[PDB]
RNA sequence: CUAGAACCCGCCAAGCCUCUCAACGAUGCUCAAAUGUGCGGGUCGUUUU
RNA sequence: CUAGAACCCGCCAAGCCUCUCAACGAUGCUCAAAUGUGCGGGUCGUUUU
């Protein structure tokens, strides 16, 4: 394997280099300040759509500006916040629904603590390590007063669901043995069991993309969502590409229409796409005429 | 220790219970739907300010409504998003500043990989476990093409800083041996070294509070920030309580005024506080007349 | 966890009439009700602005 | 990592004139420049709407 031949290039020589590659740059102090504080190689992933089609030569396509790179960066920054604000509601609702339906159909407050209610002890006794690792470090308002006051080993499920991560909760959900309980929890969110599990793991990954500031708008996905056969709500008609960012917005909208019927996620999406209108929608995977579908009315 | 005497109470039954505690409830189907989807014990932390001062009796203070509980919940939900949107800029800028000043003052692209540049190997060889654990699982666009193409063990710092968490980066920063480098990085953000380290750990904790949906607005903090003696910018004059949510906003504003001089964080904060005006500001730790300070002009 | 806790297609052990059938339980269903975390096979290489 | 990678106060090994001093290096500084991840001591119990 080849030794790496490139040195560190200073933020002044980077503007000299970028102007040698054909990128038009104006108000050069601002571009040097962005290259110092945001960085070259972070912005390189947004400069990449403006390279000309033999991209191995690293020359830009003509008539391009650095303000277009700032345009794409600020659009992706606003898009991740728009997705996160609506993920938060589902991330509360699934937790509450699991706790409530488990305590209703089991008849115990403490059902999350017993291995007899879960399918495989090989994952249950693994998850108990994460539960003990969170309760071994938590010092919050209600945890320590509970374990001062009360005898039993772990708090009942409405207490314990506040301090667990969402990737723990959706891993507890898949292990629930009595399938009538899983049917009831999936039936509250208007789906059968297997597409509900698939859309939970899509929601978890879409949250992970928003928390760690990854490139979102023209990113190829790889974990394909499942298509339900039985429905209790509005859905897509026109054929769409599954692995772009559009399908995740459709899944979040489908859960949101059951959680909050009077919601306004569409008007957020229109305000975002109209306000940053210089971006081609076909890279984001919306098919043309997406306003016509029953999910988005 | 006492055995726990409370059963699961059905979401129908809590409305009769809450109405027996004196809380006025109207449009009852909505309140049952919120108790099913958001949950009682999550909302209990926002019902708690409306309990009357002998709170051990669990009776509400008179003239209270459940819409006030929804008011406090929606304010805290909007406040965490307002804090996160401004934390993201600093979370990029500190990474870029560390990579750029290290590559400038060391003269190597690969300075993050060598133990001779860090103080204690007892933390460096610990952090190398996290670096290897991220590169052992990453499959992103640029990582795998680099390790196919090039010989050397880890990518240079502008590549590697994209895939590391912020708690890793601020733990790399404290270990840098040559103190002139630390002075240069702190001097770019207009502070001396020790309050810069203190404000980095306050920024990391304030991000952690926003990502996991914790109660924020009337929460007591415990990790007290440091007060700088040497300054290169505007700061507070009037004496303020350190351990409320106000001081974190002041630190984020101080970094933001150096990153982006034309920023608009006050226009976010005043619109938030005026739009949800039924909430007492003294619980949030703003002293009266906070508009008068040089930091907020 | 965005080559995965991914998607698809057949086969199996049990069971039942929501669908559909000349059959009245299979020519049906397993994403109705119920229920197992059964098995083999196959595609997917991470930015056209 | 919101009883901590927290804050505060003294003491030590080295060093230097940015401050300040009758001293021209201590009556100074260690959050100027430089530099060590040195030491002992002390407070902080996690929602008045």
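Values in this text are rule-based calculations from the coordinates and carry no lab data. Using ideal geometry, Cβ is built from the backbone for each residue, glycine included, and neighbour counts are taken over all protein chains shown.
Structure above, values below:
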read-out: Hits in segment A:233-259 (condition: under 19 Å from the mean Cα position of the chain (by Cα), assigned to a loop (DSSP other than H, G, I, E, B), surrounded by fewer than 18 Cβ atoms within 10 Å (Cβ to Cβ) and touching a residue at least 24 places away in the same chain (Cβ under 8 Å)); value: A:241, A:243
read-out: Segment B:75-111, residues that are within 11 Å of chain A (Cβ to nearest Cβ) and closer than 30 Å to residue B:29 by Cβ; value: B:77, B:78, B:80, B:81
read-out: Criterion: closer than 27 Å to residue A:190 by Cα, out of contact with any helix residue (DSSP H, G or I) (no Cβ under 8 Å at 6 or more places or on another chain), within 16 Å of RNA strand C (Cβ to nearest atom) and free of Cβ contacts under 8 Å to residues at least 40 places away in the same chain - qualifying residue of A:104, A:129; value: A:104
read-out: Some residue of segment B:191-202 being outside any loop (DSSP other than H, G, I, E, B), near RNA strand D (Cβ under 8 Å from one of its atoms) and in contact with a strand residue (DSSP E or B) (Cβ under 7 Å, 6 or more places away or on another chain); value: no
read-out: Residue check, residue A:84 more than 16 Å from RNA strand D (Cβ to nearest atom), touching a residue at least 40 places away in the same chain (Cβ under 8 Å) and touching a strand residue (DSSP E or B) at 6+ places or on another chain (Cβ under 8 Å); value: no
read-out: Residue that is surrounded by fewer than 15 Cβ atoms within 10 Å (Cβ to Cβ) and in a helix (DSSP H, G or I), where the choices are B:17, B:35; value: B:17
read-out: Filter pass, residue A:149 being within 8 Å of another protein chain (Cβ to nearest Cβ) and either away from RNA strand C (no atom under 16 Å from the Cβ) or touching a residue at least 24 places away in the same chain (Cβ under 8 Å) (or both); value: yes
read-out: Positions within segment A:33-50 being without any contact (Cβ under 8 Å) to a residue 12 or more places away in the chain and either more than 21 Å from residue A:284 (Cα to Cα) or away from chain B (no Cβ under 14 Å) (or both), in sequence order; value: A:33, A:37, A:39, A:41
read-out: Boolean, residue B:207 is surrounded by fewer than 17 Cβ atoms within 10 Å (Cβ to Cβ), away from RNA strand C (no atom under 16 Å from the Cβ), assigned to a helix (DSSP H, G or I) and in contact (Cβ under 8 Å) with a residue 40 or more places away in the chain; value: no
read-out: Condition met for residue B:51 (touching a helix residue (DSSP H, G or I) at 6+ places or on another chain (Cβ under 8 Å), over 19 Å from residue B:203 (Cα atoms) and near RNA strand D (Cβ under 10 Å from one of its atoms)); value: no
read-out: Selection status of residue B:248, near RNA strand D (Cβ under 6 Å from one of its atoms) and closer than 20 Å to residue B:94 by Cβ; value: yes
read-out: Check on residue B:202, crowded, with 18+ Cβ neighbours inside 10 Å and in contact with a helix residue (DSSP H, G or I) (Cβ under 7 Å, 6 or more places away or on another chain); value: yes
read-out: Residue list for segment B:165-180, filter: part of a helix (DSSP H, G or I), more than 7 Å from RNA strand D (Cβ to nearest atom) and away from every other protein chain (no Cβ under 14 Å); value: B:172, B:173
read-out: Residue count, segment B:112-146 (criterion: loosely packed, with under 11 Cβ neighbours inside 10 Å, more than 16 Å from RNA strand D (Cβ to nearest atom) and more than 11 Å from chain A (Cβ to nearest Cβ)); value: 3
read-out: Count - residues of segment A:207-232 that are closer than 19 Å to residue A:97 by Cβ and either away from chain B (no Cβ under 13 Å) or more than 14 Å from the chain's Cα centre (by Cα) (or both); value: 4
